[PDB]
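First to last, the sequence lines map onto chains B and A. So for the first sequence, the deposited numbering puts the first residue at 0; every next one is plus one. So for the second sequence, the deposited numbering puts the first residue at 0; every next one is plus one. Working notes, beginning with the structure itself.
Number of protein chains: 2
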Amino acid sequence: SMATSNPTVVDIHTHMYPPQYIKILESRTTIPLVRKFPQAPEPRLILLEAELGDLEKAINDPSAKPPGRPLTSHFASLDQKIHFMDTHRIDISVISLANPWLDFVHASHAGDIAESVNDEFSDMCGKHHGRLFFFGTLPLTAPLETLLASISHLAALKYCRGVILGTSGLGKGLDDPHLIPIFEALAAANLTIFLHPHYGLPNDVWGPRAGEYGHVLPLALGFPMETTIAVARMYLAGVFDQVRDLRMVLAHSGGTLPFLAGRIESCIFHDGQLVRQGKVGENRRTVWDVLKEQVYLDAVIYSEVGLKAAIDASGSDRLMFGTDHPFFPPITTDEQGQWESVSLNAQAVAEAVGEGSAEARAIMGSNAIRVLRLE
Amino acid sequence: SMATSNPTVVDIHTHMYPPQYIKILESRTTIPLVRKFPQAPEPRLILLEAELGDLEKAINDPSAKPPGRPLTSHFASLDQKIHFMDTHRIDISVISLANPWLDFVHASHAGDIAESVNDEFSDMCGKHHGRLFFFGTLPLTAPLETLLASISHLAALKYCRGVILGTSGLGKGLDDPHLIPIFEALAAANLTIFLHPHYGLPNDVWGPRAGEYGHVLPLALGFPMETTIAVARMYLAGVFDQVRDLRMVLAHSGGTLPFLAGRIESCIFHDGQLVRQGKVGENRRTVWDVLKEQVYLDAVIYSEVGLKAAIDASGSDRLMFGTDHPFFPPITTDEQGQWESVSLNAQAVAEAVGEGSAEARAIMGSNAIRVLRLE
Ligand SMILES: [Zn+2]
Ligand SMILES: [Zn+2]
């Protein structure tokens with residue numbers, strides 16, 4: 000019995016909220032916040048602009064449908080994380096703080112809250128040696144020297160393997176030139192970036208009836224689209240050519256990137272301004288080059304259709320399995336049993352590359368172990 | 000066999016602006032418009048909200064760049080269309096008014112204008128019998144009775160095989176209940192809808208550096224995303240279930256729809272509100288179902304990666320070749336020659352299904368012929 004018969008399964012897309020972070024979320028009035036209501040036995044976690052028109056309604060009425068999503072024991076409990084892993088035959092998790100990280104924290108307290116949280120994550124991973132690693136979080140509201148010291152901390156921090164971060168960066172996007180030395184620091188520290196959505200799109204794009212459709216529009220369309228816009232702006236700004244040893248893992252198989260790379264390239268090629276400014280040269284690095292050299296994709300796509308396009312774009316050696324625990328728990332079955340949300344992704348892997356093939360082993364664990372040095 | 004040795008090639012995504020429509024645009028002072036500028040030989044076509052900052056500058060400073068895009072002969076000339084078709088071995092084009100159609104017209108003249116434009120297309124198609132069919136355009140600002148009159152007219156109109164419409168419908172989107180009687184009327188008349196983007200996303204999402212990126216962001220990401228959002232809204236509101244006879248072709252392979260169908264499905268399944276409201280369950284017609292029964296997809300995706308995803312989601316019998324002429328002319332080479340934007344899609348079909356295979360023949364023309372009754 001050997002490694003191939005009994006492979007190491009790894010989930011690289013799995014979130015927590017440590018107790019301190021909830022303490023902050025509870026003591027808040029604007030997004031993000033956690034607030035207990037009488038009807039639902041669990042505190043309601045409210046994170047999105049779309050959840051707002053339901054919060055302003057459930058504050059002036061105790062009969063109204065509860066806002067946001069349930070804050071369960073799955074967000075905070077580590078034993079809960081381990082239990083989920085054991086039920087789903089996951090061997091190793093790479094845990095990360097969930098959206099919106101520290102992006103709202105005031106510039107002054109940010110650094111210290113960052114240090115505290117990342118220390119906590121490292122302690123958690125310490126509780127189960129071998130099975131836990133983490134993407135740390137950055138205080139991007141803090142000024143440059145705090146940021147750099149934070150990165151230095153992470154690079155020294157046990158069990159750490161990268162950082163997770165959203166698409167606003169320093170408040171101007173990811174193509175913001177002031178971001179560069181931070182990328183450079185990350186790159187030099189060998190800290191892999193897990194880029195992840197949160198802000199989605201302007202709430203108005205969803206139309207008037209949007210509340211009839213639950214969280215579907217913002218979570219299924221808004222998140223992946225946000226990720227695609229972020230990375231495409233990163234790319235058009237030249238961040239990848241400029242910071243060559245930068246390594247990013249995109250949430251939700253790059254959002255819609257694999258599907259649109261063709262279109263992006265064709266649009267570049269055919270852009271009057273871009274060609275006449277000498278930007279469409281023949282030695283240019285394409286979206287495809289970045290997709291094969293600098294960017295990795297998670298396999299959180301829920302179907303072999305998307306998974307197959309993701310694999311086409313990046314290669315099966317650049318895909319990594321995830322679950323997005325615990326944001327999509329079972330409603331009508333036991334939260335302690337099998338999660339449909341996991342089994343869809345496993346099924347997509349199986350249908351895309353075959354059960355037990357070498358590509359399946361790579362996507363289910365090996366790629367992650369190699370790329371994120373999980374020793 | 001002779002039919003196989005010499006297949007009919009059909010282009011279903013191709014645009015013109017009739018002389019009369021151009022006139023209407025020429026006397027306008029707000030989007031959309033056409034006016035001449037000293038600095039460029041051809042008048043400028045201004046459609047996008049992204050082109051407004053350049054326009055404001057061009058009026059005030061004669062050394063600034065000419066805003067918008069060249070309104071070339073490719074837009075208004077029929078002979079130029081036939082030339083494009085011959086250069087690229089295209090046997091039949093199903094032509095259509097380009098965005099923004101009649102979305103800007105007053106309710107009281109919309110019907111008269113519509114009738115005039117649709118009649119003109121019919122006349123053009125009549126000029127090269129056998130090689131030209133069109134999607135008509137609808138007076139979507141006019142009152143319901145006028146709409147139905149238009150639909151009745153199109154149903155009878157020589158060379159008409161459907162209608163093209165944008166993603167805003169009557170202003171409030173495609174999940175607007177007032178669209179139902181229009182959808183039903185189109186369905187009953189066998190007018191296939193060609194759903195096409197225009198409004199993209201709020202120009203704010205491209206960020207502060209957007210001007211450095213030419214038209215890439217609004218065209219490469221904005222358009223296909225607008226399409227995805229429109230169809231997703233239409234699907235979640237039950238439109239497809241309510242009008243079972245409805246047939247829609249989606250522009251740009253459904254935007255990003257095939258890559259996201261899985262995600263949408265998992266999100267519906269896991270939505271607290273939708274489950275509580277009893278909308279989840281196993282007799283629900285899925286996105287997948289809709290993609291195989293009601294919705295067709297054009298092949299304007301520029302890459303085999305995406306095209307394979309589209310075929311996976313809809314089947315090779317539901318994909319149709321298109322060029323998007325004349326929106327992406329070569330910049331570097333002669334515009335009377337070969338267009339890279341045709342070459343790229345041709346190559347996508349070739350690499351996705353194999354040259355000369357039955358699937359290639361179907362996508363490149365047989366599908367259109369069967370679905371749009373071009374014989
Ligand atoms: Zn997540
Ligand atoms: Zn078009």
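Ideal Cβ placement from N, Cα and C applies to all residues, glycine included.
Host beta strand (DSSP E) of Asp297 (chain B) (start-end): Taking the first residue of the first sequence as position 1, residue 297 (chain B) is located at position 298. It spans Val294 to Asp297 - the beta strand (DSSP E) in which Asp297 (chain B) sits, taken as one unbroken run.
Residue of B:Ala39, B:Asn98, B:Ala75 and B:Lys56 minimising C-alpha distance to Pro69 (chain B): Here residue 69 (chain B) is taken as the residue at index 70 of the first sequence, counted from 1. When only C-alpha atoms are compared, the closest one is B:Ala39.
Per-residue DSSP class, three states only, for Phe103 (chain B): Taking the first sequence and counting its residues from 1, the one referred to as residue 103 (chain B) is at position 104. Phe103 (chain B) sits in coil when the DSSP states are folded into three classes, being neither helix nor strand.
Classification of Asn117 (chain A) by the beta-carbon crowding that lies within 10 angstroms, buried from 16 upward: Here residue 117 (chain A) corresponds to residue number 118 of the second sequence, with the count starting at 1. The residue in question, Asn117 (chain A), is buried, as its Cβ has 16 or more Cβ neighbours within 10 Å.
Proximal residues of chain B, C-beta to C-beta of residue 386 (chain A) below 9 Å: Outside the shown range of chain A, which is 0 to 374, sits residue 386 (chain A), and nothing can be said about it.
7 Å Cβ shell around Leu200 (chain A) - same chain, five flanking residues per side excluded: The residue labelled residue 200 (chain A) in the question sits at position 201 within the second sequence. The residues are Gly221, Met224 and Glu225.
7 Å Cβ cut-off: residues of chain A touching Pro257 (chain B): Indexing the first sequence from 1 puts residue 257 (chain B) at position 258. Result: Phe258 and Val304.
Inter-residue spacing [alpha-carbon to alpha-carbon] between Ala188 (chain A) and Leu147 (chain A): Counted from its first residue, the second sequence places residue 188 (chain A) at position 189. Counted from its first residue, the second sequence places residue 147 (chain A) at position 148. For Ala188 (chain A) and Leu147 (chain A), the distance between alpha carbons rounds to 11 Å.
Residues bridged to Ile192 (chain A) [DSSP beta-bridge criterion]: Here residue 192 (chain A) refers to the residue found at position 193 when the second sequence is read from its first residue. Paired residues: A:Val162 and A:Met247.
Pairwise C-alpha distance: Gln19 (chain B) and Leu273 (chain B): Here residue 273 (chain B) refers to the residue found at position 274 when the first sequence is read from its first residue. Here residue 19 (chain B) refers to the residue found at position 20 when the first sequence is read from its first residue. If you take the alpha carbons of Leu273 (chain B) and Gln19 (chain B), they lie about 48 Å apart.
Reference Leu256 (chain A); option with closest CA among B:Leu216, B:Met233, B:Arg246 and B:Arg232: The sequence position of residue 256 (chain A) within the second sequence is 257, counting from 1. Ranking B:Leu216, B:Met233, B:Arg246 and B:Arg232 by Cα distance to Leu256 (chain A) puts B:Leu216 first.
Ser151 (chain A) burial status per 10 Å Cβ neighbour count (16 or more: buried): By one-based count along the second sequence, residue 151 (chain A) stands at place 152. By the Cβ neighbour-count rule, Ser151 (chain A) is exposed, with fewer than 16 other Cβ atoms within 10 Å of its own.
Simplified DSSP state of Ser95 (chain B), which is helix, strand or coil: Taking the first residue of the first sequence as 1, we reach residue 95 (chain B) at position 96. DSSP, read as helix, strand or coil, puts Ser95 (chain B) in strand.
Minimum C-alpha distance to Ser167 (chain B) - residue among B:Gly161, B:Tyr212, B:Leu156 and B:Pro176: For the purposes of this step, residue 167 (chain B) is taken as residue 168 along the first sequence, with counting starting at 1. Just measuring C-alpha positions, the residue of B:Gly161, B:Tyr212, B:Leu156 and B:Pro176 sitting nearest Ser167 (chain B) is B:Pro176.
Status (buried if at least 16 other CB within 10 Å, exposed otherwise) for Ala309 (chain A): Position 310 of the second sequence, counted from the start, is the residue given in the question as residue 309 (chain A). With 16 or more Cβ atoms within 10 Å of its Cβ, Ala309 (chain A) is classed as buried.
CA-to-CA distance, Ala236 (chain B) to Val104 (chain A), given in whole angstroms: If you number the second sequence from 1, residue 104 (chain A) lands on position 105. If you number the first sequence from 1, residue 236 (chain B) lands on position 237. Straight-line Cα distance between these residues: approximately 39 Å.
Range covered by the alpha helix (DSSP H) that runs through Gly305 (chain A): Here the question's residue 305 (chain A) lines up with position 306 in the second sequence. Per DSSP, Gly305 (chain A) is one residue of the alpha helix (DSSP H) stretching across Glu303 to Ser313.
Delimiting residues of the alpha helix (DSSP H) encompassing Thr86 (chain A): Position 87 of the second sequence, counted from the start, is the residue given in the question as residue 86 (chain A). Residues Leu77 to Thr86.
Endpoints, the beta strand (DSSP E) within which residue 396 (chain A) is located: Nothing can be reported for residue 396 (chain A), as the shown portion of chain A is limited to 0 through 374.
Assigned secondary structure, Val9 (chain A) (DSSP; H/G/I helix, E/B strand, else coil): Position 10 of the second sequence holds residue 9 (chain A). Strand, per DSSP.
Burial state of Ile23 (chain A) (16 or more Cβ within 10 Å): Within the second sequence, numbered from 1, the residue matching residue 23 (chain A) stands at position 24. Residue environment: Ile23 (chain A) is assigned as buried (16 or more neighbouring CB atoms within 10 Å of its CB, all protein chains considered).
Three-way DSSP call (helix, strand, coil) for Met15 (chain A) in this model: Counting from one through the second sequence, the residue named residue 15 (chain A) turns up at place 16. In this structure, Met15 (chain A) counts as strand in the three-state DSSP scheme.
Ligand 1 heavy atom lying under 6 Å from the CB of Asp297 (chain B): On the first sequence, residue 297 (chain B) is found 298 positions in, with the first residue counted as 1. Not one heavy atom of ligand 1 falls within 6 Å of the beta-carbon of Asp297 (chain B).
Burial state of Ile163 (chain B) (16 or more Cβ within 10 Å): As a working note, residue 163 (chain B) is residue 164 in the first sequence. That one is buried.
Interface partners of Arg232 (chain A) on chain B, CB under 7 Å: Along the second sequence, one-based indexing puts residue 232 (chain A) at 233. For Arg232 (chain A), the residues of chain B that pass the 7 Å Cβ criterion are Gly206, in the order they occur in the chain.
Cut-off 6 Å between Cβ atoms - residues of its own chain near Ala229 (chain A), not counting five sequence neighbours on either side: The count along the second sequence starts at 1 and reaches residue 229 (chain A) at position 230. Once the five neighbours on either side are set aside, the close Cβ partners of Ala229 (chain A) are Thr166 and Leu173.
Beta-carbon proximity of residue 387 (chain A) to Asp270 (chain B), cut-off 7 Å: The structure shown does not extend to residue 387 (chain A), since chain A is modelled only from 0 to 374, so the question has no answer here.
The stretch 315-347 of chain A: positions lying closer than 8 Å to chain B by Cβ: For the stretch 315-347 of chain A, which is checked against every Cβ of chain B, the residues closer than 8 Å are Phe327, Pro328, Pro329, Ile330, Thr331, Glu339, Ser340, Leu343 and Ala347.
Chain-ordered neighbours of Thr227 (chain A) on chain B, where CB pairs are closer than 9 Å: For the purposes of this step, residue 227 (chain A) is taken as the residue at position 228 of the second sequence. Within 9 Å Cβ-Cβ: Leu220, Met224 and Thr255.
Inter-residue Cα distance where the pair is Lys291 (chain A) and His197 (chain A): Position 292 of the second sequence holds residue 291 (chain A). Position 198 of the second sequence holds residue 197 (chain A). Distance between the alpha carbons of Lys291 (chain A) and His197 (chain A) is about 25 Å.
Completely contained alpha helix (DSSP H) runs for the stretch 170-240 of chain A, where each covers 4 or more residues: Runs found: 179-188 and 222-235.
Span separating the alpha-carbon of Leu143 (chain B) from that of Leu153 (chain B): Position 144 of the first sequence holds residue 143 (chain B). Position 154 of the first sequence holds residue 153 (chain B). Cα to Cα, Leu143 (chain B) sits roughly 15 Å from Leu153 (chain B).
Status (buried if at least 16 other CB within 10 Å, exposed otherwise) for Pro328 (chain B): By 1-based counting over the first sequence, the position of residue 328 (chain B) is 329. By the 10 Å Cβ count, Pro328 (chain B) comes out buried.
Residues from the stretch 287-301 of chain A in contact with chain B, defined by Cβ distance under 7 Å: Against chain B - using a Cβ distance shorter than 7 Å - the residues of the stretch 287-301 of chain A are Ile300 and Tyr301.
Spatial neighbours of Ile89 (chain B) in its chain, beta-carbon cut-off 6 Å, leaving aside the 5 residues before and after: The count along the first sequence starts at 1 and reaches residue 89 (chain B) at position 90. Within its own chain, the residues whose Cβ lies closer than 6 Å to the Cβ of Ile89 (chain B), once the five positions on either side in sequence are excluded, are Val8 and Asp10, listed in chain order.
Beta-carbon contacts of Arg317 (chain B) that lie in its chain and below 6 Å, excluding the five residues immediately before and after: Taking the first sequence and counting its residues from 1, the one referred to as residue 317 (chain B) is at position 318. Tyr295.
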